[PDB]
Amino acid sequence: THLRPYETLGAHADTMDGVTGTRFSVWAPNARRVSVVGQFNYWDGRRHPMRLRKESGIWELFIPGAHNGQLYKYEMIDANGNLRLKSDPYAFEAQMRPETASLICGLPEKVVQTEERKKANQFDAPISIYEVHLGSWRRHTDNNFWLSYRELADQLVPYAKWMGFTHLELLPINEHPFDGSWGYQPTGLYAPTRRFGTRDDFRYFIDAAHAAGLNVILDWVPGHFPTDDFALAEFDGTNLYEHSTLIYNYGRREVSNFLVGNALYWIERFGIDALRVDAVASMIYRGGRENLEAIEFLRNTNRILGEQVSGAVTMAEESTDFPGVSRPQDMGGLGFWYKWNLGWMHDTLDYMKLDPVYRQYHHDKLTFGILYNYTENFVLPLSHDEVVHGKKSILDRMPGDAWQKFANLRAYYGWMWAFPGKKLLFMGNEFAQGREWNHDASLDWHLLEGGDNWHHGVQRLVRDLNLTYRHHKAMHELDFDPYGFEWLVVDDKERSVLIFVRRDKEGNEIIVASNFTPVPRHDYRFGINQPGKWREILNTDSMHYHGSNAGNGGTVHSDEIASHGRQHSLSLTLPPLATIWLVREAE
Ligand SMILES: OC[C@H]1O[C@H](O[C@H]2[C@H](O)[C@@H](O)[C@@H](O[C@H]3[C@H](O)[C@@H](O)[C@@H](O)O[C@@H]3CO)O[C@@H]2CO)[C@H](O)[C@@H](O)[C@@H]1O
Ligand SMILES: OC[C@H]1O[C@H](O[C@H]2[C@H](O)[C@@H](O)[C@@H](O)O[C@@H]2CO)[C@H](O)[C@@H](O)[C@@H]1O
Ligand SMILES: OC[C@H]1O[C@H](O[C@H]2[C@H](O)[C@@H](O)[C@@H](O)O[C@@H]2CO)[C@H](O)[C@@H](O)[C@@H]1O
């Protein structure tokens, strides 16, 4: 069992014959002697030296009297012959920047994954993710301070739950030194950032999300090698972890254990339910373009998780059309369960950006997503990458005056939530923030203060979209099966009306129709598959969302009148810049 190196390396409480303390391990094959320097030592590297094992390269020692809560470090003389005070690379807890000293804590008890949390991860479940940067979601008013893990527990959790999300997704909670990396430049892979409290506080947070029936996804960064505070480079005077631009040595067997351990750790000692790997492209590129050993790392890691912690899943963002990212290793490979649908994000946003008068020439931007839908298990993501650095907010991409911007954005969420593939939405998007995301400030919650306005409208819509999406299997059962989606009207470019059906395993279908110009369509007849009585269950133009409240205003019965190659049809009102969903009424 060499998969969980965190259960042996680093600081672990133990008792050597009646006397208790903590036994330290590391791993610096070369090094040149290493001692342990903590609060128990008066910080003196002459009192405690460590005995090196030759085969494993691990220096070890059992200090009695040294207890949980005490800072410590490693004083080593490196291959070159230099004085170094290194941070434990298996630090489960670190100190407030500035800026290193590891802390003596052990391992959290350990979380058995529940059946219901496993069910929530499956390809047939509704999965709607709220993506959040913990340092910019909310702040206290007086002082602009972070909310702690426990405060986030009282506030972020009840909020995402009420908004009807199934998953919470966190930007990296890796200890990281600069708020500006957003957590993507780590220096302590096994310690939750101290920014928001203790590691037990982080754990309580996760327990609370679960108690509310949310799954939790963690951004995992085994692909960004540490580059700050000399935290991991030339560990023992040699290129222990990196290579001869700093990039992990996924080939060396102990580096691999390190990274795979890290995954098993989050999932097993915190109960994390899934992990997301960013920038997969820059892990596998730069023997062909490909970095063969990096590809193997991911295949392997996925296999190991699939075997060790089945029920947990992995997702990936990969920026080139690398085949089979979310397909099994015996074949394509990589072996992720889910892939970010970046192509969709770009196509649909480019579509929404157009002056509606020009949408008739870019219809392919909305239809195209179906052609490659069954090549990958997709998540439709409106993530943090899309609302920084001059890209604008999602709202601000929309054309026209304010009332047309909101309407476009409503119609789009309508479409997004009905279109095959899971859902991801970055905080602030749900209430249509105007400004870009600022990791250095709270979101613009002041937009929701005072009388009911257009921002509340969207927030209500997103909630109703989640709850409605979760209620009806057709919207979510068969994302990844051709049977789950079928065009009713794919070729109305000249009016920019698009209509499809979603379908569950039992063959029940929901009709989804979108009108992407501001011209209301009345008596719009299209062919259908299940004749009978149809009723709106969702309408982005409802006054409940500050729409004009146009629509069908009741049950509508189909006619036996051929249309679009079908024998029966519906003749509906399609509100301007809106999408609606209809269900069939039992008789
Ligand atoms: O790039 C490949 C492909 O893209 C474009 O084809 C479009 C079709 O013109 C359009 O009808 C639609 O195709 C749909 C089918 O009609 C429908 O029955 C179902 O089977 O799948 C499609 C749903 O998206 O969309 C595609 C993509 O925009 C382009 O115009 C073609 O020349 C080209 O072969
Ligand atoms: O429909 C896509 C494809 O995905 C699944 O395979 C998963 C597998 O469950 C995991 O072990 C891991 O390796 O990810 C794989 C995809 O990368 C389905 O089981 C499979 O039937 C399906 O073809
Ligand atoms: O974060 C909670 C806080 O949000 C709002 O105030 C924000 C403001 O909207 C931001 O643009 C920025 O200036 O930070 C402020 C808080 O530090 C609400 O107005 C406020 O009531 C709410 O508690």
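The analysis underlying the following values was restricted to heavy atoms, covering all of them including side chains, and did not include hydrogens, waters or symmetry mates. The first residue in the sequence is number 1, and the count goes up from there. First listed ligand is number 1; within each ligand, the first listed atom is number 1.
- Shown here, atom 25 (O) of ligand 1 is in close reach of the protein: a heavy atom of it lies under 4.0 Å off.
- Contact atoms of ligand 1 toward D364: 28 (O) (distance under 4.0 Å to a heavy atom of the residue).
- Annotation: atom 4 (O) of ligand 2 to nearest protein heavy atom, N377 ND2, 3.7 Å.
- The closest protein non-hydrogen atom to atom 19 (C) of ligand 1 is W487 CD1, 3.7 Å.
- Side-chain contact annotation: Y524 with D492, donor-acceptor N/O pair under 3.5 Å present.
- Nearest to atom 3 (C) of ligand 1 by heavy atom, out of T367, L498, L371, is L371.
- Inclusion of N302 in the set of residues having an N or O under 3.5 Å from an N or O of ligand 2 is not warranted.
- Distance from atom 16 (C) of ligand 2 to its nearest protein heavy atom, with residue and atom name: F336 O, 3.1 Å.
- Looking only at atom types and distance, the side chain of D273 has no donor-acceptor partner in the side chain of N121 under 3.5 Å away.
- Distance screen at 4.0 Å: atom 28 (O) of ligand 1 has a protein heavy-atom neighbour inside the cut-off.
- Ligand 2 has at least one atom lying under 4.0 Å from a heavy atom of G335.
- For atom 1 (O) of ligand 3, a protein non-hydrogen atom is found at a distance below 4.0 Å.
- Nearest non-hydrogen protein atom to atom 19 (O) of ligand 2 is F123 CE1, 4.7 Å.
- Within 6.0 Å of atom NE2 in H140, more than 12 heavy atoms from other residues, nucleotides or ligands are found, so the atom counts as buried in its surroundings.
- Between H446 and ligand 3, an N or O atom pair is found at a separation short of 3.5 Å.
- The shortest N/O to N/O separation between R139 and ligand 3 falls below 3.5 Å.
- Note that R150 lies in the cation-pi zone of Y204, set by a 6.0 Å cut-off to the ring centre and a 45° limit from the axis.
- Close approach to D444 involves these atoms of ligand 3, each under 4.0 Å from a residue heavy atom: 9 (O), 10 (C), 11 (O).
- Counting heavy atoms closer than 4.0 Å to ligand 3, residue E449 contributes nothing at all.
- There is a protein heavy atom less than 4.0 angstrom from atom 1 (O) of ligand 1.
- For atom 9 (O) of ligand 2, the closest non-hydrogen atom on the protein side is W337 NE1, 4.0 Å.
- Heavy atoms of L443 approach ligand 3 to within less than 4.0 angstrom.
- Closer than 4.0 Å to atom 15 (C) of ligand 1 lies none of the heavy atoms of the protein.
- Of the protein's heavy atoms, none falls inside 4.0 Å of atom 34 (O) of ligand 1.
- Shown here, atom 22 (C) of ligand 1 is in close reach of the protein: a heavy atom of it lies under 4.0 Å off.
- Regarding atom 20 (C) of ligand 2, its nearest protein heavy-atom neighbour is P328 CD, 4.9 Å.
- Atoms of ligand 3 lying under 4.0 Å from at least one heavy atom of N144, given by number and element, are 17 (O).
- Under the 4.0 Å distance rule, the nearest protein heavy atom to atom 11 (O) of ligand 3 falls inside the cut-off.
- Looking at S442 next to ligand 3, an N or O pair under 3.5 Å apart turns up.
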